[PDB]
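The block underneath contains the structure these notes are about, expressed in structure tokens.
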Amino acid sequence: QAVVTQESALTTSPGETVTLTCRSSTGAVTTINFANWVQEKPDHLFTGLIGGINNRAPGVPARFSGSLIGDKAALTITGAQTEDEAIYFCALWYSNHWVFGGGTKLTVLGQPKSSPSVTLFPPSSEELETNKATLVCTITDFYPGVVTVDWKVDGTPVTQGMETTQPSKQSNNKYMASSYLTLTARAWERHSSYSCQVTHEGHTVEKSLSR
Amino acid sequence: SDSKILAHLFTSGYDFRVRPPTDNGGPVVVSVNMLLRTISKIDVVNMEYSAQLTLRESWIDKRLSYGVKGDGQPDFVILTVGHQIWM
Amino acid sequence: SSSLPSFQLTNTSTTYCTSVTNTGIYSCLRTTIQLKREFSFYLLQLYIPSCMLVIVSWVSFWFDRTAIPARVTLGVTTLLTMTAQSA
Amino acid sequence: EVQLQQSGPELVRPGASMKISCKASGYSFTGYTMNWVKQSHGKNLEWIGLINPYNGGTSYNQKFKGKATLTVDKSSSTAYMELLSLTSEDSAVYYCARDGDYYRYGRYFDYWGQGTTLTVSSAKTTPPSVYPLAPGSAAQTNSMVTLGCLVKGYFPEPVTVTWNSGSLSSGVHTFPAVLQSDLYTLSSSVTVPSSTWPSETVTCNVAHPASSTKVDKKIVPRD
Ligand SMILES: *[C@@H]1O[C@H](CO)[C@@H](O)[C@H](O)[C@H]1NC(C)=O
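And the structure:
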């Protein structure tokens, strides 16, 4: 009936100012939409930030401030901190119900950025023997935790059979993820080559293998 | 001039019993201003007080729109008796 | 419950009060509120000081007869104060 | 401080119905309205309904009319949400979010609960099938080499994966589990020096408490 759109993910440095937007599909976000901003820490933690008309949740830092820049809602962090790195959801009120957005994955860099260490694993002969063969693509040590993983079979992009986990935080505040490819036994034997493409920031790493 | 306009509004099928149209099916937004003239007869026994005030409400009814800004017609028209609008 | 200055609402009840009249039998509902009065004031404003006043009137008995300024003062003073309480 | 402790996670089969609690503490319970938000994997955060502890009045999302039922016990300071006719779609984590204004609807989220994970699957308990995976031949691994295990087709969660019975606990990567057609599948990888492989044995230990399974698998070098 109506969809709320946010940015996929945004990156900022400690001390600087970042602005998260919240666009409505029905038109301009007016004041009767009661723009709400919710922060999601890892391990399914949630907290309110800015709500309704000019209300603020108890304990919300002064650096957080809401507004209506342009024709959409805005969440501005003036003087970002390391602990401000989380997922930020915006919710809009259509009188009958609330509608959340896709959520923005805000990254505040506490360390220099890191390229992903990607490795590709062929389906084991023990698993290849019966049922379904599975390609595994482990992604490690990338920061920010935003990666786009594409698959290629015989040079052609695979629209079906691929699945990838959500980037989980590592011990050194980096991120890791895994991608799986579901195929039938006879399918794997036929094709010449397989490939796992991982997109981090603006670069692209490629891992491939045959037979 | 004004009487010439008010008639034109209510010649079309208009219903003051019907909520004004919205661009996206949303609610009617009423902007409210308040003017307090007097506060008197504060009662502590009956837990009440008398207050006289001027209420100002404002909303948009596109059904009542009779013009564009760049016309020879007056920005606003005072509503005369005998014509009901949704309130 | 705090809205009432004189009383404190203790209980509310919903009952039926259907009665038979000369014109017929009419169904009836009855909401009932029970009001208790604030006792703490009258206690600390009237009962307590007057009880002490009666006690003070007794200590004139323990005074000697020759102490006219002692017994006469207490007697008249205690009585005059009690009058103010009543008013 | 205030807290919104909800009930623990539950696992039920399609057709049934259960009720999630949300015990409040640290504030006047009757003063703040409670929201209920559904966080699924396939779909975004979906607001369900709100309920006013004072009036008992409720307002539901049209999407969840009849699917959810909000009640409230003022005595124990607890909010309840009953979900009826549970299906595979209703499998998600449910949060209770407090409104921020005192005895009035301010339309803004204050505090949230820890969340309640509700899994509604028509699956029987399945022991994990463990398949190894050996590195590729064409690469330059001057420093170290990466190997791992693949746990496939287990139900329900969780499963614990260790390496060399705990001897190798530094270097492990246990990735999140995915739902591949009613069954769960995850993979754990450990990065060890190329000098220590395959000279020294590296086995994969996988435990599944829900089926009392503890199978091992040694990694074997690939041609
Ligand atoms: C209402 O409460 C009062 C005491 O405050 C009591 O006398 C009365 O019986 C109560 N009514 C009922 C039906 O419980």
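Protein chains in written order, with the entry's author numbering: chain L, 1 to 211; chain A, 1 to 87; chain B, 175 to 261; chain H, 1 to 223.
Beta carbons are placed, not taken as given, at the ideal position from N, Cα and C, and that holds for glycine.
- Straight through space, the alpha carbons of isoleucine 39 of chain A and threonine 54 of chain A are spaced by roughly 13 Å.
- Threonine 203 of chain H has H/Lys218 as its beta-bridge partners, per DSSP.
- Using beta-carbon distances, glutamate 189 of chain L does not count as an interface residue toward chain H, since no partner is under 7 Å.
- In this structure, L/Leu10 is the residue among L/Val4, L/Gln1, L/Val38 and L/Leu10 with its C-alpha nearest to the C-alpha of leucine 109 of chain L.
- Secondary structure of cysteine 191 of chain B (DSSP, three-state): coil.
- Taking CB atoms only, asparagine 33 of chain A has no neighbour in chain L less than 7 Å away.
- At least one beta carbon of chain H lies nearer than 7 Å to the beta carbon of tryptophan 98 of chain L.
- Interface flag for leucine 118 of chain H against chain L is unset, since no Cβ pair is found closer than 7 Å.
- If you check the CB distance, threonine 107 of chain L and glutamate 129 of chain L do not come in under 7 Å.
- For the stretch 140-170 of chain H, the beta-carbon criterion of a distance under 9 Å to any beta-carbon of chain L is satisfied by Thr146, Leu147, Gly148, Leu150, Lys152 and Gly153.
- Contact note: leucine 133 of chain H reaches chain L through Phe121, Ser124 and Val136, using a C-beta cutoff of 7 Å and chain order.
- Counting along the chain, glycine 51 of chain L sits inside the beta strand (DSSP E) bounded by residues 45-51.
- In summary, no residue of the stretch 51-66 of chain L has a CB separated from any CB of chain A by less than 7 Å.
- Beta-bridge partners assigned by DSSP to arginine 23 of chain L: L/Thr5.
- Residue pairing by DSSP places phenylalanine 100 of chain L opposite L/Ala91 in a beta bridge.
- Contact of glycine 27 of chain L with chain A is assigned, a C-beta pair being separated by under 7 Å.
- Bounds of the alpha helix (DSSP H) holding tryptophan 188 of chain L are 185-190.
- Only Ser95 from the stretch 66-95 of chain L bring a Cβ to less than 7 Å from some Cβ of chain A.
- Distance from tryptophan 112 of chain H to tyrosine 94 of chain H at the Cβ level is roughly 11 Å; contact not present, criterion being Cβ atoms closer than 8 Å.
- In this structure, the straight-line span from the alpha carbon of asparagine 35 of chain H to that of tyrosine 143 of chain L is close to 35 Å.
- Among the residues of chain L, none has a CB under 9 Å from the CB of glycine 56 of chain H; the nearest is roughly 20 Å distant.
- For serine 195 of chain L, the enclosing beta strand (DSSP E) begins and ends at 193-200.
- Contact annotation for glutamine 62 of chain H against chain L: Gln1, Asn96 and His97 [CB-CB distance below 9 Å, chain order].
- Put simply, the CB of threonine 165 of chain L is near chain H, with a gap under 7 Å to one of its CB atoms.
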